Amino acid sequence: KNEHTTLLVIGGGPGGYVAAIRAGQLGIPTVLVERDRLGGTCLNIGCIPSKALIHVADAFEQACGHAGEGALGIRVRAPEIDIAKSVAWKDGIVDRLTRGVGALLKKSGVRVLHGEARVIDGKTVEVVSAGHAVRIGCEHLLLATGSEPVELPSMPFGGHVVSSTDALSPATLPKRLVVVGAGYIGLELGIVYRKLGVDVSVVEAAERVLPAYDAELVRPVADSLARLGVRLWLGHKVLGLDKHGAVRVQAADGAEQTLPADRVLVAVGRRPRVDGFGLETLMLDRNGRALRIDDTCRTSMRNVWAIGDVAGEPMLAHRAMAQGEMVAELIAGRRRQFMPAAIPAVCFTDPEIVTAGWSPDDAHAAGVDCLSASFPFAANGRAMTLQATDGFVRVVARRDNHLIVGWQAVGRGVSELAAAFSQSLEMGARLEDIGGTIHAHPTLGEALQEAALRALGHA
Amino acid sequence: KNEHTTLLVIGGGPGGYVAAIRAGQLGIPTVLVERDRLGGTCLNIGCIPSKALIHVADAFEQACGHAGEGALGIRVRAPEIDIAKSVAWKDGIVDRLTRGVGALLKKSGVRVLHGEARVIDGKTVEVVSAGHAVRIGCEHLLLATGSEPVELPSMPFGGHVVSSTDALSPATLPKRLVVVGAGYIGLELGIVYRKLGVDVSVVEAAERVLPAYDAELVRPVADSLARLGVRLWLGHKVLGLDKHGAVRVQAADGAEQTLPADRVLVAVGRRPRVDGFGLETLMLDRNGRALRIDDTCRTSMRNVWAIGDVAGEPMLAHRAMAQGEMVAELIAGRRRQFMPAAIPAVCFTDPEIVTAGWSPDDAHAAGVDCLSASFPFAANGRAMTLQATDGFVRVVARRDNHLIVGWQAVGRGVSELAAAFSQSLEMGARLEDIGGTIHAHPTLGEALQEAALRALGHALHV
Ligand SMILES: Cc1cc2nc3c(=O)[nH]c(=O)nc-3n(C[C@H](O)[C@H](O)[C@H](O)COP(=O)(O)OP(=O)(O)OC[C@H]3O[C@@H](n4cnc5c(N)ncnc54)[C@H](O)[C@@H]3O)c2cc1C
Ligand SMILES: Cc1cc2nc3c(=O)[nH]c(=O)nc-3n(C[C@H](O)[C@H](O)[C@H](O)COP(=O)(O)OP(=O)(O)OC[C@H]3O[C@@H](n4cnc5c(N)ncnc54)[C@H](O)[C@@H]3O)c2cc1C
Ligand SMILES: Cc1cc2nc3c(=O)[nH]c(=O)nc-3n(C[C@H](O)[C@H](O)[C@H](O)COP(=O)(O)OP(=O)(O)OC[C@H]3O[C@@H](n4cnc5c(N)ncnc54)[C@H](O)[C@@H]3O)c2cc1C
Ligand SMILES: NC(=O)c1ccc[n+]([C@@H]2O[C@H](COP(=O)([O-])OP(=O)(O)OC[C@H]3O[C@@H](n4cnc5c(N)ncnc54)[C@H](O)[C@@H]3O)[C@@H](O)[C@H]2O)c1
Ligand SMILES: Cc1cc2nc3c(=O)[nH]c(=O)nc-3n(C[C@H](O)[C@H](O)[C@H](O)COP(=O)(O)O)c2cc1C
Ligand SMILES: Nc1ncnc2c1ncn2[C@@H]1O[C@H](COP(=O)(O)OP(=O)(O)O)[C@@H](O)[C@H]1O
Ligand SMILES: [Cl-]
């Protein structure tokens, strides 16, 4: 059974399915191959499940009266959680979203193939299923195979040691949990478990949590971990398990300690999926363990494109989707299609961190003289009505023309400011534009206007 | 005891204090006068208290398992609430914020006098306190006296009949509450009480609730009112109270029932404060009950300005703040750089309603040919993870050039999208701009992008 198409997309994740949909809507014959389930990591074992379990944990924290309910005059009595049912609810959401994706692919004229794909050459792929074996030819090959968790060499995945995947579908809650990695995945999940009554410890090699973000921005997250009772082991590397199932931890000076645990989450990073499916035959230029690409997602081989996590950092769903749309547009012969100067991100810890564009340090590294100003939520009315006064909002702008080049915010319930950050950046707003924009009262968003004005005050 | 300044501000509400602060920062000698408490209505008996109580109610609803906690595998035991302590908590927030306004006024070089201010003439004022009085001359007079609740003459305030003020400082929760008027104030407070276990009935003269918003936008609020248990008496006028303390209501055809009540909230509107402080002398033109002003907040008298609620609709704090800031800047000599921007608004009912710019009806009334599209939260991944799938985001844009002229949204926890809506309108975004802007996943915000593409799809259709 020999087949042919114009665009062959390997991987049914955000990058892949969004790319295929747009392609189909543009009239490009397209075939999408997916070994597991449509939606990839993002829907099945990443974004949605984590955000779903974060909602359960926040809801359980509040029910327990651990989110300051007493101060409001609400005297509570201990609730109970059936984690299996929490996970089943989360799975229901994932079910509804996958079908929606599947139906959207159908409506766009894309033919989905359920199978494991092996690349034979730049314009030929073998798709293997339960007994099937078809060979598909193509004009364009779009690689969007994503990524997988990085396994610690001294402590592999199995038994008590798990990845984010199993952490998102627990059958039971453990008494003690040790998390390796104070990145956004390890902390988001670490906090989920802590709010659910689990004794949680985090092990990070860097001098502080969330090393990818600057110091000022992370401080309110550190404080929160302190109040929540999460034990932090900063400047410590994991050497492996001992006989009693405890995690051996080594400090900078050399002296070691062991943290007991009946469950260990390793969240040290993510590795691009480039091995095991004949990608060797193409011999594509590499950028670390990821496929090298130019700013239009083209690889070193003509008509072989790469998007999403398989094309490196930043490993975000919206970035993969935006990249996929750009590729579909190019194949359809459309010009003027560029990736934006700034990609927003939200880290769903408590408090949350939201960023778009440059931080003050990123602005100095790029050789641009910039001023910045922040406004604390401690002086924002809305924040006080929500009992969420920690954190702040920061604006970053060029000193010469006041063009905004970055936004950062840390606080509870600040995630939805992300849209204001990326849209203002996409429009090229200046401090004066924001300073002059009337913001609804009372809102957390008012802090954006105040930050801009404060930057114009000590300008 | 005669004293002098350049700018004399009557009222320490959002308009007055923001104006005095700005003016002070710009080096203008300023005197602000407040008869009661700094922060005005917004901080002491309006914006903040209502949002605070809405937080308490939401916390209680959630503690009781009335917001779908069972579906998340969480089994709860019923909580109890000490409402006096809820009010004390709220008054604490209010008090902290008022002292913040006080400290900022001092740090800005403003001289704050506590007392009743009376107009002698356009350039002179009298500030009276307990055994103290001063005549103060000014070059510019800023009137920012605010608003007051409208009292039904056929059911005056007293005893069981309360205004928003007492409803925001209850000593006890009533068994049955009747709310008159289904405006944003009446519904916000109606919902607070209902979530706290009170039987609530709302009486409204208009055909539906929140009559100032379009039907499609308020439909999810009416559905939520039904889910919550709030009884709605639509197309009904409140006549008065019978001997039993019940509310006598009259339908359109003439028929009439009585709603048993042990507490009645009258939220039929708000009125500008223009009487009892010497304004009559100044023959200032009037816009209905309010003071008439041009787009720069100038009254018909020279160097007499008016801002905020005393200057009519829309009665919102951020508008008052904007106007107060504009006035200070004009007196300082700085010309205006941005034209009066769109005035957003957030209705904190459950679900919430957020709006900025024009709705499809407003656009047609202004004579601008527009199209619009919506995207439901029922299809949004973030919304599903938050158990907030009712509602939608709608974008409104000009058919000729795709410039967005308005945004509306209805859903649980959509208030913070206000920044995005307000900032995009001020920048002049087109459907294309939003459509091609990356939005973080997973967020409610992604619906804005999806809505813009929906609309753009129609605009570019054969
Ligand atoms: C716990 C966790 C939380 C996260 N939270 C967020 C968040 O809040 N926001 C955010 O933006 N990002 C988040 N991410 C990252 C996000 O999931 C990824 O950036 C996104 O999934 C990348 O999409 P993709 O299409 O590039 O790859 P993937 O989503 O991994 O899709 C790749 C797909 O291709 C298939 N595939 C691979 N090789 C083959 C082959 N040879 N043949 C056939 N099929 C193949 C796989 O089965 C897979 O389904 C999170 C990740 C994790 C692990
Ligand atoms: C229940 C409720 C909820 C609300 N919620 C919101 C909301 O969520 N968002 C929003 O934007 N708006 C809201 N508002 C509206 C908001 O409170 C008003 O729009 C805002 O307070 C108007 O500000 P202002 O400065 O015009 O007048 P005010 O805030 O009323 O301040 C006027 C001040 O002037 C003083 N004063 C009057 N006469 C004299 C005199 N002769 N001498 C000295 N002092 C004097 C008064 O004591 C008062 O302090 C709400 C209102 C109510 C009633
Ligand atoms: C039936 C009726 C008669 C009126 N008569 C007079 C008058 O004689 N003199 C005068 O100066 N002004 C009168 N008004 C105007 C009133 O005092 C307010 O100024 C006006 O309702 C403000 O409405 P709004 O658009 O600002 O809505 P909001 O202030 O946002 O909300 C107030 C809501 O209360 C409702 N409402 C008002 N009165 C009643 C009532 N009796 N029963 C149930 N609901 C009610 C309104 O329909 C409105 O939806 C009347 C209004 C109504 C509806
Ligand atoms: N006693 C009741 O339970 C009752 C009776 C009628 C209507 N309603 C309510 O009013 C709404 C409209 O129903 P409809 O089309 O049959 O009536 P309608 O629109 O024809 O008018 C309402 C009439 O029913 C009477 N009434 C009695 N209880 C009422 C209540 N709780 N709310 C409003 N009106 C009430 C009024 O006197 C009025 O004449 C419904 O949503 C319903 O919940 C309730
Ligand atoms: C300032 C003002 C506001 C009023 N607001 C209302 C109102 O909201 N609803 C209403 O039914 N009647 C309102 N009325 C009038 C009442 O219908 C009143 O019962 C009727 O006009 C009789 O007035 P009288 O007692 O002066 O004769 C208002 C009157 C005034 C002066
Ligand atoms: N390939 C790898 N092998 C072993 N350890 C790794 C690897 N990649 C990263 N780490 C470890 O992970 C820790 C950093 O984790 P984290 O800050 O969570 O990163 P990320 O945010 O990328 O997940 C460090 O201790 C680092 O040494
Ligand atoms: Cl696009």
Side-chain angles (χ1 to χ4, degrees), chain A residues 18-19 21-22 25-26 318 321-330 332 334 336-340 426, chain B residues 147-156 161 163-164 176 178-190 199-213 218 222-223 225-226 229-241 247-260 264-272 288-290 309 312-316 345 347 349 353 430-439 449-450 452-457 460:
Chain A
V18 164
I21 286 167
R22 180 62 65 85
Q25 289 167 344
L26 295 171
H318 49 284
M321 296 179 184
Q323 283 178 315
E325 294 178 316
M326 176 173 62
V327 170
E329 294 283 321
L330 292 162
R334 305 217 180 118
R336 50 181 169 181
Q337 198 73 22
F338 304 84
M339 286 290 294
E426 180 280 343
Chain B
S147 53
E148 187 176 353
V150 171
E151 184 175 38
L152 280 181
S154 70
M155 182 182 288
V161 181
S163 68
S164 58
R176 277 182 281 268
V178 172
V179 175
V180 189
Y184 82 91
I185 297 176
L187 286 185
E188 279 184 9
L189 297 179
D199 185 60
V200 181
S201 305
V202 177
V203 181
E204 170 58 51
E207 188 176 18
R208 62 183 190 274
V209 303
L210 298 173
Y213 296 103
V218 310
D223 291 357
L225 287 159
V230 179
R231 301 173 182 177
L232 300 175
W233 294 75
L234 302 175
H236 281 76
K237 293 158 288 183
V238 168
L239 304 180
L241 291 180
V247 179
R248 295 177 52 251
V249 299
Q250 192 189 32
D253 69 336
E256 50 176 322
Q257 265 288 9
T258 60
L259 285 52
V264 181
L265 165 58
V266 172
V268 290
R270 311 206 91 248
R271 168 171 40 83
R289 306 186 189 184
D309 297 7
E313 297 289 354
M315 294 184 183
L316 292 174
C347 176
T349 42
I353 289 175
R430 297 167 65 247
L431 293 170
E432 293 73 357
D433 292 296
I434 301 301
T437 298
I438 299 184
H439 289 78
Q449 186 180 2
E450 295 293 326
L453 296 172
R454 212 88 155 183
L456 189 57
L460 301 170

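Just follow the structure's listing: the first ligand is 1, and inside any ligand the first atom is 1. Proteins get letters first, then strands, A, B, ... in listed order; numbering begins at 1 in each.
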Protein non-hydrogen atom below 4.0 angstrom of [atom] present:
{"atom": "atom 17 (O) of ligand 4", "answer": "no"}
{"atom": "atom 46 (C) of ligand 3", "answer": "yes"}
{"atom": "atom 30 (C) of ligand 4", "answer": "yes"}
{"atom": "atom 14 (P) of ligand 4", "answer": "no"}
{"atom": "atom 43 (O) of ligand 4", "answer": "no"}
{"atom": "atom 41 (N) of ligand 3", "answer": "yes"}
{"atom": "atom 52 (C) of ligand 3", "answer": "no"}

(message) Could you identify the single nearest non-hydrogen protein atom to atom 39 (O) of ligand 4 and state the distance to 0.1 Å?
(response)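 Ranking protein heavy atoms by distance from atom 39 (O) of ligand 4, first comes B:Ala255 CB, 4.3 Å.
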(message) Give me the nearest non-hydrogen protein atom to atom 28 (N) of ligand 4 as residue plus atom name, then the distance to 0.1 Å.
(response)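 Minimum-distance protein heavy atom for atom 28 (N) of ligand 4 reads B:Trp233 CH2, 3.4 Å.
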When you compare ligand 3 with [X], is there at least one nitrogen or oxygen pair between them that comes in under 3.5 angstrom?
{"X": "B:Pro211", "answer": "no"}
{"X": "B:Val268", "answer": "yes"}
{"X": "B:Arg270", "answer": "no"}
{"X": "B:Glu204", "answer": "yes"}

(message) Does only the side chain of B:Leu232 get under 4.0 Å from ligand 4, or the backbone, or both, or neither? Count heavy atoms.
(response)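 Backbone only.
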(request) Run the contact test for B:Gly186 against ligand 3 with a 4.0 Å cut-off on heavy atoms, strictly below, and give the result. (result)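 The answer is no, since B:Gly186 has no heavy atom less than 4.0 Å from ligand 3.
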(message) Could you check whether any heavy atom of B:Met315 sits closer than 4.0 Å to an atom of ligand 3, since that is the contact criterion I want to use?
(response)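 Contact check B:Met315 vs ligand 3: negative.
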(message) On a heavy-atom basis, which atom in B:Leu456 and which in B:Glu432 lie closest, and how many Å separate them?
(response)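 Shortest heavy-atom contact: CD1-OE2, 3.3 Å.
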(message) List ligand 3 atoms under 4.0 Å from B:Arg289, heavy atoms only on the residue side.
(response)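 Taking each heavy atom of B:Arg289 in turn, ligand 3 has 10 (C), 11 (O), 12 (N), 17 (O), 19 (O) under 4.0 Å.
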(request) Using heavy-atom distances, let me know which of B:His236, B:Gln257, B:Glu256 sits nearest atom 38 (C) of ligand 4. (result)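 Nearest heavy atom to atom 38 (C) of ligand 4 lies in B:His236.
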